[PDB]
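This report concerns only the one structure given below.
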Amino acid sequence: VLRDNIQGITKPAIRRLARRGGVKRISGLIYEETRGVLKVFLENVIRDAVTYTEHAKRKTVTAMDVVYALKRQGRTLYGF
Amino acid sequence: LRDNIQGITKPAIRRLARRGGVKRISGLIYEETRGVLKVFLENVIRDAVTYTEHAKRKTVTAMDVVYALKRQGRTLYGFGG
Amino acid sequence: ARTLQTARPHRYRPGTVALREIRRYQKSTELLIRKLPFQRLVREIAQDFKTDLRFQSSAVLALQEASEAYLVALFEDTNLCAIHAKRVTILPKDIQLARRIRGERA
Amino acid sequence: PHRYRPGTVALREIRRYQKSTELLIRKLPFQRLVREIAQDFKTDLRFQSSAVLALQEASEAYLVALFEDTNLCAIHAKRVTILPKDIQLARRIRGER
Amino acid sequence: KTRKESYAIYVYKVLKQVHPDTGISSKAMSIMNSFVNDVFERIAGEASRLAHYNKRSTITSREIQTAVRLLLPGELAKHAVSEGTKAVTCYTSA
Amino acid sequence: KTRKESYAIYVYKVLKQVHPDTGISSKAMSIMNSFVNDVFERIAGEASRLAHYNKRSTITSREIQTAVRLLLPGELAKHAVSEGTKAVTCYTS
Amino acid sequence: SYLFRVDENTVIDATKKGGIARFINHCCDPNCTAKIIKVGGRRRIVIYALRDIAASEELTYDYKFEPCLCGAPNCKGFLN
Amino acid sequence: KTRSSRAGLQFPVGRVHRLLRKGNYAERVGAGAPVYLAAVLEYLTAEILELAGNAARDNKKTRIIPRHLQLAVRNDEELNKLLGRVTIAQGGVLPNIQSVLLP
Amino acid sequence: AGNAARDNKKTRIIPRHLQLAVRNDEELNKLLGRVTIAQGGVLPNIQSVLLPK
DNA sequence: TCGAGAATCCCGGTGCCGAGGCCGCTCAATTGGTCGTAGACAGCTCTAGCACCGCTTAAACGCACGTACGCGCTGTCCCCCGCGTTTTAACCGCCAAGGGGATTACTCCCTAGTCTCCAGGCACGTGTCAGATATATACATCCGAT
DNA sequence: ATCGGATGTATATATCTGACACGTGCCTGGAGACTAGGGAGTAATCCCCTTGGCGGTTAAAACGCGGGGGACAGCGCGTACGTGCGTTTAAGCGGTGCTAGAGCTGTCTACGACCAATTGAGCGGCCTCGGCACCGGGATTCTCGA
Ligand SMILES: C[S@@+](CC[C@H](N)C(=O)[O-])C[C@H]1O[C@@H](n2cnc3c(N)ncnc32)[C@H](O)[C@@H]1O
Ligand SMILES: [Zn+2]
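The listed protein sequences correspond, in order, to chains F, B, A, E, H, D, N, C and G. Take any residue in the first sequence, count from 1 to its spot, add 20: that is its number in the entry's author numbering. Take any residue in the second sequence, count from 1 to its spot, add 21: that is its number in the entry's author numbering. Heads up: the third sequence runs through residues 1 to 8, 38 to 135, numbered per the entry's author numbering. Take any residue in the fourth sequence, count from 1 to its spot, add 37: that is its number in the entry's author numbering. Take any residue in the fifth sequence, count from 1 to its spot, add 30: that is its number in the entry's author numbering. Take any residue in the sixth sequence, count from 1 to its spot, add 30: that is its number in the entry's author numbering. Heads up: the seventh sequence runs through residues 992 to 1057, 1067 to 1080, numbered per the entry's author numbering. Take any residue in the eighth sequence, count from 1 to its spot, add 14: that is its number in the entry's author numbering. Take any residue in the ninth sequence, count from 1 to its spot, add 65: that is its number in the entry's author numbering.
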């Protein structure tokens, strides 16, 4: 099993994401907050992805399952 | 029927804002709010009138408004939905 | 020991009548806009789409309901923005920020 | 000797990153994270290759977008830094909480 | 006159078994009716979409279960699926 | 092997009219295919609901017109309804 | 005394028969109140939570009887 | 004589008629519904490919990549509303910096 | 809704009681996060920065 | 710190209208039986997701310094609130009319459905040039001293 | 503001592949033709309910004013954030191996659509009284100035 892998989202990665979004001076407590937010988003999407997989009696999470999970939440995605 | 938006007077906006939970209104809100409300009303009545003239009739029913609302994400319970 | 029971001029400072109107409106459930002005406003806006419609009397009412449940909700959000900026008043630059973040302007 | 003024490398990085389209988060640790979050819903999960990336792509367009809003909230308070009480407002206004 | 239909009498039969003495108003009855219609449409539409991705040609008692488990939140899902499967068992063995 | 149909060739035929010497990559063609699918599903769903409301069963060229007027924004609606009526006219003769 | 006054000409007596609601003590500061609902057309005594109550907390309640082992920070020496 | 050529189109009116029939939309698909729908789809894909090619040209390239579709859509004002919630993959962000930040 | 209408000393479920029953829950609130219940009013709530000191 | 006065809740008395039960009367749900086919299932093929290994090298971490911005405080001034007086039109009740929304009655024409016939679009190779590096160099921006 | 330089970025030439664009078979989805049938278009008509107008009244809006609380500007303190440099570390890339499980095909049958006769559930119209809105008069709380 795996555990405490959320720490792989490093400080420079969040920093670069903020820089793309337009930020210029990131606080210090942000990294933990965005790690929590990203974890929540990922949980909510993978729940529906796994439900869509289970329904079809499969054991591989297809790409169309992730696309449908995202579409079902009002966040469509072009390219898969 | 010209210049009726002044019918959404100041006390009505005050009461809406009180129910919203705000405590100390500014003085310029009472025009931004009329603009917002006019935009919302145009966006809804456009689809209501589309729904009502697609069915070849000249009377905006309540089902037309319910559909025009449900279509923009904002449903509405109570009027025959 | 005894049987227990359940029963046996002026000028308010600014900011108190507001905190009372808030409590008396957040518990009532009627419509907060006059009905004839909203009637006329709906009829006047629907001119730009088709000339002579008849607006069945439950349509108008319907709109009014939504038109409240939108504005009220909007104000809630704007309130937070004000409280976020370390103030108490709500300003037009708060409504615009709420509508931008929320997706209505982009 | 020489030292760029504090904060002037920020805008250079801003322009450098807003112009490209690469993926900002490292791919393998993100694969591990997504692969272990789904351990709470099943166990013999396989995660077809183009699915993970899919997720990752979406999971960037979220965060970036969120920061685009966080900044606004910061700028609303006559500020520059984005303190963690901005993300919370930016997530409560759009109904995500 | 033309006879239109609703869920009035069934909502009333449920109210008269959850609160055997309360009584619903009229506007509240119309609200509950439109609520039932809205949830019906949500669930049946998601069930259809789901019975389409899989290329099945029918909308069975399992598309409905997965739809209920997607749309309904965390804990309402478990109780909803329990009531559903109980009803389906009690119905098939009769 | 396995036959899967897509809107690649039609998107290419249209590209060769709007820009006779450019060429779409693979990812961009996948994106355009997904875009066409999305818009088709939106318009079809809205026309379906719009036929269900008036208690009909034929989904004719009036429902598609009204659905284009509902979905597409201000200006795109006008040009889209114009192209549509022009094509149905040039087809019914 | 475990007597309780429903109205002017009727009282509840829980000295020998009743619920565990006979195990709620009088406190100068209460966190629960007692209202009189009417279900089925008859009056009954219900106990509502006045203020939020945490776990493993004693349920205080004001008797209004009209000595006091109150033990409250602010408190009066009489149940009467 | 395919039913698309008879209308002066490039989209497959036959395939769109088939999809409308086999998608469980209504009981009886009309006659001039697939023509209308194919014409609308063709107009939209042309309107987006034109700006995509324009954007790809100014950047001195002859191949359209997702960056150029992102630019073409988000720069427009009525396509940005149509595709208001999509996230074009490998698309990136439109360059913009708040005025308060730059010195 | 009946619990609310009883704890409010009435005996008729009424739109305000449905609005209360929904918005006071936590999961019935996500199922109906977008709806608006006509004649349901709003839930009593005042921020803490506003309450006097 | 406590009086007072303004607002709020709670207890009876009263009228009225809509929530609920009752009666006839449909028409749609029930039951039985047939029949075609959607899908279950056993089985086989093959691809692609998983795991490991070795190098290298770019990205991550720790550390130091210094300085820009958060922030807490103080101080004006100004404008939004609470309240009283005057003015308006919303609202309620009522009457009259006629448009058009439903409903009914015919009829016909537009589409499903089936069979026949074949050409267009999709998997599969093959070719080459468009774009990605890579290097050298010129020009732009930025920072210290004055 | 002025240079001087130092770092970074943009410009242009060389070259190097791999992914796009084109030509080929070939398989089945699309086009033609014809029929039957029911869904939609059209005429009659009727009565609901929308529109329009009018008088009273009184609730709510409009206006003006006094002032106290709040928004906004201006400074010092200090810390926590950015920038640069020298380390570590594990990401990435390439190459191998392999086995799980997606995917596709043929056989069989259990299940849902379809159709006929019917009959009782529920839907519309009629009362009707009890719950609720309204009014009035107590107690009971809260705010504010002293
Ligand atoms: C409902 S009984 C409380 C139950 C009691 N603790 C028991 O063990 O049964 C209330 C009675 O308990 C006693 N009591 C309750 N609260 C008290 C208090 N605060 N001080 C003194 N006696 C108290 C009095 O005799 C009072 O009449
Ligand atoms: Zn005591």
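We put the beta carbon where it would ideally sit given N, CA and C, even for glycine.
Kindly say whether residue 69 of chain B, judged by its beta-carbon, lies nearer than 7 Å to any beta-carbon of chain D.
One-based indexing of the second sequence puts residue 69 of chain B at position 48. Chain D, which has no Cβ nearer than 7 Å to the Cβ of residue 69 of chain B, makes this no.
Output yes if chain A places a C-beta closer than 7 Å to the C-beta of residue 113 of chain E; else output no.
Your numbering for residue 113 of chain E matches position 76 in the fourth sequence. Chain A, which has a Cβ nearer than 7 Å to the Cβ of residue 113 of chain E, makes this yes.
Chain G partners of residue 57 of chain A, CB-CB under 7 Å?
To locate residue 57 of chain A, count along the third sequence from 1; it is residue 28. Under the 7 Å cutoff, chain G gives 106.
When you compare only the Cα positions, how much space is there between residue 111 of chain E and residue 125 of chain A?
The sequence position of residue 111 of chain E within the fourth sequence is 74, counting from 1. The sequence position of residue 125 of chain A within the third sequence is 96, counting from 1. In this model, residue 111 of chain E and residue 125 of chain A are separated by some 15 Å (Cα to Cα).
Using CA atoms only, rank isn't needed, just tell me which of E/70, E/41, E/57, E/131 is closest to residue 24 of chain F.
On the first sequence, residue 24 of chain F is found 4 positions in, with the first residue counted as 1. Measuring from the Cα of residue 24 of chain F, the nearest candidate turns out to be E/70.
Nearer than 6 Å: is that true of the beta carbon of residue 2 of chain A relative to any heavy atom of ligand 1?
Here residue 2 of chain A refers to the residue found at position 2 when the third sequence is read from its first residue. The answer is no for residue 2 of chain A.
If I measure Cβ to Cβ from residue 67 of chain E and keep anything under 7 Å in the same chain, skipping five residues before and after, which residues do I get?
Numbered from its first residue, the fourth sequence carries residue 67 of chain E at position 30. Only 93 meet the Cβ criterion.
Looking at C-beta atoms only, is the number of pairs between the segment 89-105 of chain A and the segment 80-91 of chain B that lie closer than 8 Å three or more?
yes
Candidates D/101, D/59, D/103: which alpha carbon is nearest residue 66 of chain C's?
Within the eighth sequence, numbered from 1, the residue matching residue 66 of chain C stands at position 52. Considering only D/101, D/59, D/103, the residue with the shortest C-alpha distance to residue 66 of chain C is D/59.
Give the residues of chain D in contact with residue 21 of chain C, contact being defined as C-beta atoms less than 8 Å apart.
Reading the eighth sequence from its first residue, position 7 is the one you call residue 21 of chain C. Under the 8 Å cutoff, chain D gives 117, 118, 120, 121.
Would you say residue 1022 of chain N touches ligand 1, meaning its beta carbon is less than 6 Å from a heavy atom?
Residue mapping note: residue 1022 of chain N aligns to position 31 of the seventh sequence, counting from 1. Not so, every heavy atom of ligand 1 lies at least 6 Å from the Cβ.
Roughly how many angstroms separate the alpha carbons of residue 34 of chain B and residue 39 of chain F, rounded to a whole number?
For the purposes of this step, residue 34 of chain B is taken as residue 13 along the second sequence, with counting starting at 1. For the purposes of this step, residue 39 of chain F is taken as residue 19 along the first sequence, with counting starting at 1. Using only the alpha carbons, I get a separation of about 40 Å.
Could you tell me whether the Cβ atoms of residue 42 of chain B and residue 103 of chain G are closer together than 7 Å?
Start at 1 with the first residue of the second sequence, and residue 42 of chain B comes out as number 21. Start at 1 with the first residue of the ninth sequence, and residue 103 of chain G comes out as number 38. No, the Cβ-Cβ distance between residue 42 of chain B and residue 103 of chain G is not below 7 Å.
Sort out for me which residues DSSP pairs residue 1030 of chain N with in a bridge.
For the purposes of this step, residue 1030 of chain N is taken as residue 39 along the seventh sequence, with counting starting at 1. Partner(s): N/1033.
Which same chain residues end up closer than 6 Å to residue 48 of chain F when comparing Cβ atoms and leaving out the 5 residues on each side of it in sequence?
Taking the first sequence and counting its residues from 1, one reaches residue 48 of chain F at position 28. Nothing meets the Cβ criterion.
In angstroms with no decimal places, state the Cα-to-Cα distance between residue 48 of chain E and residue 42 of chain E.
By one-based count along the fourth sequence, residue 48 of chain E stands at place 11. By one-based count along the fourth sequence, residue 42 of chain E stands at place 5. Using only the alpha carbons, I get a separation of about 12 Å.
Under 8 Å Cβ to Cβ from residue 81 of chain G, same chain only, skipping five residues before and after it: list those, please.
Along the ninth sequence, read from residue 1 onward, the residue named residue 81 of chain G stands at position 16. Cβ neighbours of residue 81 of chain G beyond the five flanking positions: 104, 105, 106.
Determine which residues of the segment 1005-1019 of chain N have a Cβ less than 7 Å from any Cβ of chain A, and write them out in chain order.
Against chain A - using a Cβ distance shorter than 7 Å - the segment 1005-1019 of chain N contributes no residues.
Please tell me whether, using a cut-off of 6 Å, the distance from the CB of residue 110 of chain A to the nearest non-hydrogen atom of ligand 2 is below it.
Taking the third sequence and counting its residues from 1, the one referred to as residue 110 of chain A is at position 81. Incorrect: residue 110 of chain A has no Cβ contact closer than 6 Å to ligand 2.
In three-state DSSP terms, what is residue 42 of chain C?
Counting from one through the eighth sequence, the residue named residue 42 of chain C turns up at place 28. Strand.
Taking contact to mean at least 3 C-beta pairs separated by less than 8 Å, is the segment 96-115 of chain D in contact with the segment 993-1002 of chain N?
no
Any heavy atom of ligand 1 closer than 6 Å to the beta-carbon of residue 1050 of chain N?
Here residue 1050 of chain N refers to the residue found at position 59 when the seventh sequence is read from its first residue. No, the beta carbon of residue 1050 of chain N sits no closer than 6 Å to any heavy atom of ligand 1.
Within the present structure, is the beta-carbon of residue 1055 of chain N separated from the nearest heavy atom of ligand 2 by less than 6 Å?
On the seventh sequence, residue 1055 of chain N is found 64 positions in, with the first residue counted as 1. When distances are taken from the beta-carbon of residue 1055 of chain N to the heavy atoms of ligand 2, even the shortest one reaches 6 Å or more.
Any residues whose CB sits closer than 7 Å to a heavy atom of ligand 3? List them in chain order?
For the structure depicted, ligand 3 is absent and the ligand set comprises only ligand 1 and ligand 2.
Is any non-hydrogen atom of ligand 2 found closer than 6 Å to the C-beta of residue 1075 of chain N, if you look at the structure I gave you?
Taking the seventh sequence and counting its residues from 1, the one referred to as residue 1075 of chain N is at position 75. Residue 1075 of chain N: yes, Cβ under 6 Å from ligand 2.
List the DSSP bridge partners of residue 97 of chain F.
Here residue 97 of chain F is taken as the residue at index 77 of the first sequence, counted from 1. Paired residues: C/101.
Might you give, ordered along the chain, the residues of its own chain that have their beta carbon closer than 7 Å to the beta carbon of residue 68 of chain F, omitting 5 neighbours on each side?
The count along the first sequence starts at 1 and reaches residue 68 of chain F at position 48. Closer than 7 Å at Cβ, skipping near neighbours: 89, 92.
Kindly give me the distance between the Cβ atoms of residue 86 of chain H and residue 71 of chain F, rounded to whole angstroms, as I take these residues to be in contact under 8 Å.
Looking up residue 86 of chain H in the fifth sequence gives position 56. Looking up residue 71 of chain F in the first sequence gives position 51. Between residue 71 of chain F and residue 86 of chain H the Cβ distance is about 16 Å, and since that is not below 8 Å, they are no contact.
What residue does the alpha helix (DSSP H) around residue 86 of chain F start on, and which one ends it?
Locating residue 86 of chain F in the first sequence gives position 66, counting from the first residue. Note, residue 86 of chain F: alpha helix (DSSP H), 83-91.
Assuming residue 30 of chain C and residue 114 of chain D make a contact with CB atoms under 8 Å, what is their CB distance in whole Å?
Walking along the eighth sequence from the start, residue 30 of chain C turns up at place 16. Walking along the sixth sequence from the start, residue 114 of chain D turns up at place 84. About 12 Å separates the two Cβ atoms, so there is no contact after all.
Give the interface partners of residue 96 of chain D over in chain B, defined as CB-CB distance under 7 Å, in chain order.
Within the sixth sequence, numbered from 1, the residue matching residue 96 of chain D stands at position 66. Within chain B, the residues near residue 96 of chain D are 71, 75.
If we require 3 or more residues per run, which beta strand (DSSP E) segments fall completely within the segment 41-86 of chain F?
Complete beta strand (DSSP E) runs here, min 3: none at all.
Name, in chain order, the residues that DSSP records as bridge partners for residue 1025 of chain N.
What you label residue 1025 of chain N is simply residue 34 of the seventh sequence in a count that begins at 1. Its beta-bridge partners are N/1038.
Of all the alpha helix (DSSP H) runs that stay within the bounds of the segment 43-114 of chain D, which reach a length of 4 or more residues?
Those alpha helix (DSSP H) runs which fall completely within the segment 43-114 of chain D and span 4+ residues are 56-83, 91-101.
Please list, in chain order, all residues of the same chain as residue 78 of chain H whose beta carbon is under 7 Å from its beta carbon, the five residues on each side excluded.
Translated into the one-based positions of the fifth sequence, residue 78 of chain H becomes position 48. Take residue 78 of chain H, set aside five residues on each side of it, and the residues of its chain with a beta-carbon closer than 7 Å to its own are 89, in chain order.
Tell me which residue opens and which closes the beta strand (DSSP E) that residue 998 of chain N is part of.
For the purposes of this step, residue 998 of chain N is taken as the residue at position 7 of the seventh sequence. Per DSSP, residue 998 of chain N belongs to the beta strand (DSSP E) from 994-998.
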